[PDB]
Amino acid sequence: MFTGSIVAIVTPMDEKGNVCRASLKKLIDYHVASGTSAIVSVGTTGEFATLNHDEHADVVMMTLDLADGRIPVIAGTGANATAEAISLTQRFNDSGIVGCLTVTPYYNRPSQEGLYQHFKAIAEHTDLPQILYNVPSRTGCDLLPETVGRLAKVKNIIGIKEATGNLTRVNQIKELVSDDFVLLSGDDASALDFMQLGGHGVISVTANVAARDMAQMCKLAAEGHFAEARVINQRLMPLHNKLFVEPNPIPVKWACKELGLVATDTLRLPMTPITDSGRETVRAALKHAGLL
């Protein structure tokens, strides 16, 4: 599944920074019960940056095992070296994942042609559906609509997670791709607007703690019921913003702890513990959403 509310799930950790299977189970069960469409395993919110490839693969496999066929899993598989992205992708071939979420190379700032070659090469070497991921604020590059157009002609490049927050991208991309290419927001605060313009869903941070409301908002949006969806979005908007009051996923992990969904809010350096002021801000946003 690549439409609706898709959660970019936290990778819950014990006090030593290792994956907590009991906490992950509790989250997966929460998502299955709350109508979430799919789980993105080891995306940005899942601390792809600080897991090594072996730990990253373990978390994906654990998520698949725990999901037990009840909800589709999409693995984060991006890298800034095209060889490394190919290598990682191969680890998930025949794993049970339904697709891959593959970020534009970060740090090395490739040209558009470089992005086109990168993603084309990755797609060539798997049969799994690829979802492109553009997030210039993190990577230093910006995958532009014209290049997305070129890449959407590759059979298994099936959609994009567009995280610029620049809503003009929706119809710039739509007009260059086929009707079956999936356009997904990667920016919770602008995601309803993104769907109202023609987007098909959201890969969401907020969904980690407001799964049912996100699932209903996206269904209403898909049906055209934008005023109804906006009521929900209004209750969630402080959370959409304040989950970024300190770097993601610091706030959302604390929120998950506060609700009891995970045992600890531990992250890996260079992510640090939430500040007291951030705890107060996040708490207030949770209460506005009706979650506490």
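One rule holds for the numbers: they count along the sequence shown, beginning at 1.
Problem - 65-73 set against 231-239, stretch whose average Cα temperature factor tops the other in the entry - result: Here the higher of the two C-alpha B-factor means belongs to 65-73.
Exercise for the section: Give the stretch, out of 246-254 and 50-58, with the larger mean C-alpha temperature factor in the deposited entry. Expected result: Here the higher of the two C-alpha B-factor means belongs to 50-58.
Problem - Out of 213, 124, 193, 113, highest CA B-factor residue - result: Answer for 213, 124, 193, 113: 124, with the highest C-alpha B-factor.
Practice task
Identify, among 128, 197, 203, 173, the residue whose C-alpha carries the highest B-factor in the deposited PDB entry.
Solution key: 128 has the highest C-alpha B-factor of those listed.
Practice task
Please place residue 27 in the lowest, middle or highest third of its chain by C-alpha B factor as given in the entry.
Solution key: Middle third, going by the recorded CA B-factors of the chain.
Handout entry: Relative C-alpha B-factor of residue 7, binned into the chain's lowest, middle or highest third
Key = Within its chain, residue 7 is a lowest-third residue by C-alpha B-factor, going by the deposited values.
Exercise for the section: Give the position of residue 159 by CA B-factor within its chain, expressed as the lowest, middle or highest third. Expected result: It belongs to the middle third of the chain when residues are ordered by C-alpha B-factor.
Exercise for the section: Could you tell me which third, lowest, middle or highest, the C-alpha B-factor of residue 119 occupies within its chain? Expected result: Tercile = lowest for this residue's CA B-factor.
Problem - Chain-relative CA temperature factor third for residue 133 - result: For residue 133, whose C-alpha B-factor we compare with every modelled residue in the chain, the answer is the lowest third.
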